[PDB]
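Listed next as C-alpha cells is one chain, alone, in the form deposited in one PDB entry.
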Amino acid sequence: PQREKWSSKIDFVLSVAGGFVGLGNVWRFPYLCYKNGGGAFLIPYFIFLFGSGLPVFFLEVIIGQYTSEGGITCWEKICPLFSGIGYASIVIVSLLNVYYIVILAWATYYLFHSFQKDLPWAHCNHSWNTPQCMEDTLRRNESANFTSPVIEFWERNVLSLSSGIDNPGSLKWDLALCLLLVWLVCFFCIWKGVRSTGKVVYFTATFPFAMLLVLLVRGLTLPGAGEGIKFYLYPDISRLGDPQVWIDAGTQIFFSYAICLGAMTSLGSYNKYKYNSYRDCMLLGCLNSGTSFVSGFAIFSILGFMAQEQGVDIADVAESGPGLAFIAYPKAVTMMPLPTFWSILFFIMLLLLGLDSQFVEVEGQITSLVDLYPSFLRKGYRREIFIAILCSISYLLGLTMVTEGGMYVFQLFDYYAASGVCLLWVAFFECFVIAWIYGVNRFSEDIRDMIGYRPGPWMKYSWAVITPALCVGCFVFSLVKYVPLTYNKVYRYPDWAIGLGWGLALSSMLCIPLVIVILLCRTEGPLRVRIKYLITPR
C-alpha cells in the first residue's frame, strides 16, 4: 500500500525539531566541550557544522524525500551496491537506541529524587557519601582531597560507581526500574498508541527551550561565570594538535544531527515530493547548533561558578565524562529560588528532550526495518510484536550499562557504538556515494525536480570534497595518533573493553563492505558487469 506522508508541512518540522534537538545538545556537547578544553572544541565543531553536518543533514533528508523509503531501502535507488550504508545506519541507531535511553533512566532517577523538599545533591550528610565530602559553600573556609556533594550523589548514589569495567558490581534495581519505566513510556508512545499530536505542538516544542533559557539566565548571573565563559570560548590552539578534539567535535555534529542513523532519511521519506526541505532543514540546523551553543553557555557559566565556589580550576571541577549535565545543572538548580520546583522542571525537560529524540530514532529504525520487509511486518498484529521485541532487546542490552559498573560501559558505547569513527565511516560513504557513484550533478538534478532549485557550490562541494576530506582526515588522524579511551581522565580502559568498543564501532562500520561482498557474490558475471549492475539505481 501507500506508506504514509506528512499531513502538514509542520509535521516534518516538529518531527525533526524534537528529533535532533535532544541530549546531544544539552548533555553531550557540554562534556565533549569540557573534556577537550572548552574553547578548542568549538573550532572543529563549527568546521564540521558548516562543512559536514548541515550538508549531510540536507543530504539524508533529500535521500528520504526523493527515494520515498527509509534508511535501508532508500539506497535501492541510490546505488544499491552501497545499500549496506543503510544497514550500517541501523546498527548505529540500534546501539544509540540502547545507550541514549540509559541517560533518561538517570534523569528519571533524578526526577524521583527531586520531589524531596531538600535536594539530595544539595547537601552531604547521607549514607552514600564519603567522609571527605564538604559543602561547596564551605570549601573556602577550611584547609585538595575534598569532594562536592553533587559529584558524590552522582557517583555513589545514581551511578554507584565501581572500580572499573572489570567489576560491574550488582545490577541497580533503582536504575533498572527507571530504565524499564522509560521504555514503557517509549513503547507506549511509538505506534502502540497512534501519534502524539495535540500536546507536541506547544509544550514539547517550547518548554525545553524555555527551561534552557531559565538555566542560561541562572548561569550567566552566577558569580565567577565569566571565567567559565572564558573557558568555554577562548581556545587552546595546541589542543587542536590532538585528534581527540577533531573526532569528538565531528562525531558530536554527526550525533547531534542524528545523521548516520537512518532516521532523518526516514522522516524525509514521509515528506511530500515537491516540498522545500532546504529552508526548513537550515532553520532547524540553526536551531540545533544554537541550542547546543546556548546550553553550553549556560553549563559552562555554571561550571565557572563551581570553580569560583570550590577554588579548584575549571577543567577539574566536575566530571570530564557523561555526567557533566548531571553535576553542573543540578548544582545550578540548587542555586535557584525554590530549588525543588526547578529540579522537577529541569529533569522533566531532560526527559522530554530524550523521549522526543528517542521516539524519533526508534521511528527511524522501525520505518527502515519495515520498509526493508513490507507485508512481513504489516500495520497490525506484527508491528506490535516487533516493537515489543525491539524495545525488550534494547532494554535488556541497556541493563549491561545501568549496573554499578555501568558508566564504563556507557562511556564505551558513547565513544564507540554510535558516536565515533563509525559515524565518520557512514557519513564519508554517504557523501562519497552521492558525490561520485551517483553524482552531485545527477543528485542536484533530482533535488531541483522537487525542491525547485540547484543546491549551491557549498552543498555540492561539501558532499563532493569537504565532508569526505573531513571524515577521512579525522578517521586517519584518530588512528595515526591513537590515544585510548579514558573515562573521567583517570580510568584507563583495559584492552578487552577497548576491543569491545571497537567491536561496536566495527559492527557499525562493517555493514558496508559485508553488503558489498554479499551483493558482489549474488550477481552473475564478471566484476565490471556486477559492479555496473549494482551501481545503477533501481
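One-based numbering along the sequence shown. Here the rigid core means the biggest group of C-alpha atoms that line up within 1.5 Å when the two forms are laid on top of each other.
Going from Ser127 to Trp128, you skip over nothing: the modelled chain follows the deposited sequence without a break.
Another form exists, deposited in another entry; not displayed. Remarks below refer to it.
After superposition on the rigid core, the C-alpha displacement between the shown form and the other one reaches 2 Å or more for just one residue among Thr340, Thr204, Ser162, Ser196, namely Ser196. Residue displacement note: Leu175 has its CA displaced by under 2 Å between the shown form and the other one (rigid core superposed). In this overlay on the rigid core, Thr130 has a C-alpha that sits less than 2 Å away from its partner position between the shown form and the other one. Superposition on the rigid core between the shown form and the other one places the CA atom of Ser375 2 Å or more away from its counterpart.
Between the C-alpha atoms of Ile62 and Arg378, a gap widened by no less than 3 Å is obtained in that other deposited form, as opposed to the form on display.
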